[PDB]
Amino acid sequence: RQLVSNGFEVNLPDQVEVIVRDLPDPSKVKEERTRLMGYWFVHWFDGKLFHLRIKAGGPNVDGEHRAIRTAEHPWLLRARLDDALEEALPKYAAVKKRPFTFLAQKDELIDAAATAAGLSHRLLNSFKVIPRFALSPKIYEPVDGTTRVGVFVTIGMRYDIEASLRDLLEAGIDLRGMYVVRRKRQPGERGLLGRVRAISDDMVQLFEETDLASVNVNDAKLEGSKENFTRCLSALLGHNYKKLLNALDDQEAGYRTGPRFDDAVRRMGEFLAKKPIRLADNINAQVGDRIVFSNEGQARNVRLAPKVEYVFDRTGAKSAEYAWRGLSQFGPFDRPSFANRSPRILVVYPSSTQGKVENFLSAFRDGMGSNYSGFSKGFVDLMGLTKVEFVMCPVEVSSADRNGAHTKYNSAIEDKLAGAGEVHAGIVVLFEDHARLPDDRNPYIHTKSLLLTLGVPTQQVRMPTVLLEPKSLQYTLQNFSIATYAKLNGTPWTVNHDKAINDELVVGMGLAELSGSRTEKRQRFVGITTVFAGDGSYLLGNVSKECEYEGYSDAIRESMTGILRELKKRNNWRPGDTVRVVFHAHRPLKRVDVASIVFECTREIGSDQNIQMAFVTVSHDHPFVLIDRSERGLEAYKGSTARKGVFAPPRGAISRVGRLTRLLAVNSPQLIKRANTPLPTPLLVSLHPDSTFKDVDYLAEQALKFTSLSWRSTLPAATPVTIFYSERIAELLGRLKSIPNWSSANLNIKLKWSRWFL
């Protein structure tokens, strides 16, 4: 019946008395806040300046007096609540404001972890993990047309290495290459400094410097990254460092796991509710009960979408709750029509790895047998092919080569293909040490580039994967096979969808931001992905081949109008038919872009048909969490004491925050990885207010389904493929744009139906 949130009701006054000045230029605001400081809360909104009196006594303020009622204008007190929460928690210094964010005053988890594991080191006290709480006052709608303000509690961990760089050098951590940040953050200045090249007297030598090429040892510390933590502590702790991380994991789980998080939120509410919260001298707020999403009595705030069905035939008869279980039984969705039943696959690999690659290829093509039931059949039988023919392309290249690996791979590929006839796909095996080389000499990207140019999609793979123990390898090979099949134009599966209307197009856009280093400014690229409603299931459409960020809204507009035109020709819509277009992204579109997109599509389809249009943003990092106290979780593994996903809402749970907003649970206890995995965070789904199609519950469930459409993996994706695929495309095409001899010429020819971006 009920999903509990991480938020509490805030009992506010019905009305607050305010003073208003017209203030068209908002630049005067900062100085005016400063003048009236301590005595007035000041807030700029809609060309006017609102003043709420906090404390009797001057300065005085000229303006028009007005009663601001909370039910009608909750943004005023919501804003004041941001400041009042800080003032209500005086013993807690704000590490950030709006939302007020602060550290636990005592708890420090590295010390606690060292004690539980029985470790120690004279430098351990300089490594800190401190619980970090935030309090976000948020407007929500307990029912349509009525707003309220709630305070939402979130918890993270601050990682910080306060150790002097001098003390870390001795001994004997190699600080070279490590990123380093300012120790005191001057207001509005960058934290990042650069990487450590060397340290001498009192100065650090920086490369990839953000400003000055050197900084005093006293003004810099290591950035609190997991990388720096692991580098430092493994050097200091050696064999025992693993004991510390697992202990640290247990510690953090004591804050993050379902019942532990619910308890921590409970405890925070009790603390906040102990006294009134002072909105002004005269005016008090009161933190009340935990906010719930339920269906009682006038509220309709929670529902459970049905299980997504993975579908493997056009009749809908062959379906399954799980991708792999389904693919195992039925084979792929397009098995009866799949053209290339004898694919020829080029295999490019370092000559020294021959034996390992053959073992991998055999496992891949012919399976691992019934001792490894996750991948028994192998690619050929799995997909219902007749066979796979490998043309072996060894490369004389060693891992120690870091400057000429890519040229050796590409020369070998060119020489092999020149005499080998036609290949339909490639597998490229990479040394770990080459995987993350800069792009000008990175063999992943150069071989990707060359083969794509030639119209040959690739599935690449790093040697540590090639060398996985069999129990892990079987799962690797599931994901490898699915993506490879789709790279061969295959359609592994679809997801259930019933009719509803005459045609439905979903287009997504995704962003990548590329640079050669953290110091070089990131360049933006976009990708576009389309999905069509099919007979009884969704079908993946075509994909963008151009990636320029500038003019991206024209790109969306042209994609949609082009597609609508073709859909109409193809399907021959009858007068009165209804067509729906949905847009997905991780950010909202501009109102002006929505107007322009809606105008153009409406004009393109014309007046014979009805058109519905929705613009949706999918958010991951918001302050909302769902707790299902009825959920006991599952054993961490068969069949232990520990449980995983305790209190995790079922997948497909959808809660109403407001008219335009839903929370969508995606990670159920089954999908939750381990006992220490935190209570999952739902996706926030938000409808653009200018949308003409308004059913955000439908749109939330549609997003859920599209999460199951990913052919990169048997497990669902973190975000719908309309966005996810677009990000992968934008990143690849963005990187390829800088690789010499790259051409997109085959993306819409040989690769038009290839899912080359997986």
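Take the two forms, find the largest set of C-alpha atoms that superpose within 1.5 Å, and that set is the rigid core. Residues carry their position along the shown sequence, with the first being 1.
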**Q.** Which of 511-519 and 635-643 strays further in 7 other deposited structures of this protein - Cα RMS after rigid core alignment
**A.** 635-643
Q. What stretch shows more C-alpha movement in 7 other deposited structures of this protein relative to this form, 232-240 or 524-532, after the core is superposed?
A. 232-240
(Q) Please compare 278-286 with 150-158 and name the stretch with the higher mean C-alpha B-factor in the deposited structure. (A) 278-286
Q: State which stretch shows the higher mean Cα B factor in the entry: 195-203 or 84-92.
A: 195-203
Q: Compare the CA B factors listed in the entry for 677, 354, 295, 210 and report the winner.
A: 210
Q. Considering only 713, 691, 722, 27, which residue's Cα atom bears the greatest B-factor as recorded?
A. 27
Q) Sorting the chain's CA B-factors, does residue 37 end up in the lowest, middle or highest third? A) highest
Q: Tell me, lowest, middle or highest third: where does the Cα B factor of residue 707 rank within its chain?
A: lowest
Q | B-factor third for the C-alpha atom of residue 696 within its chain | A | middle
Q.
Could you place residue 661 in the lowest, middle or highest third of its chain by Cα temperature factor, using the values in the record?
A. lowest
Q | Within-chain third of residue 570 by Cα B-factor, per the entry | A | middle
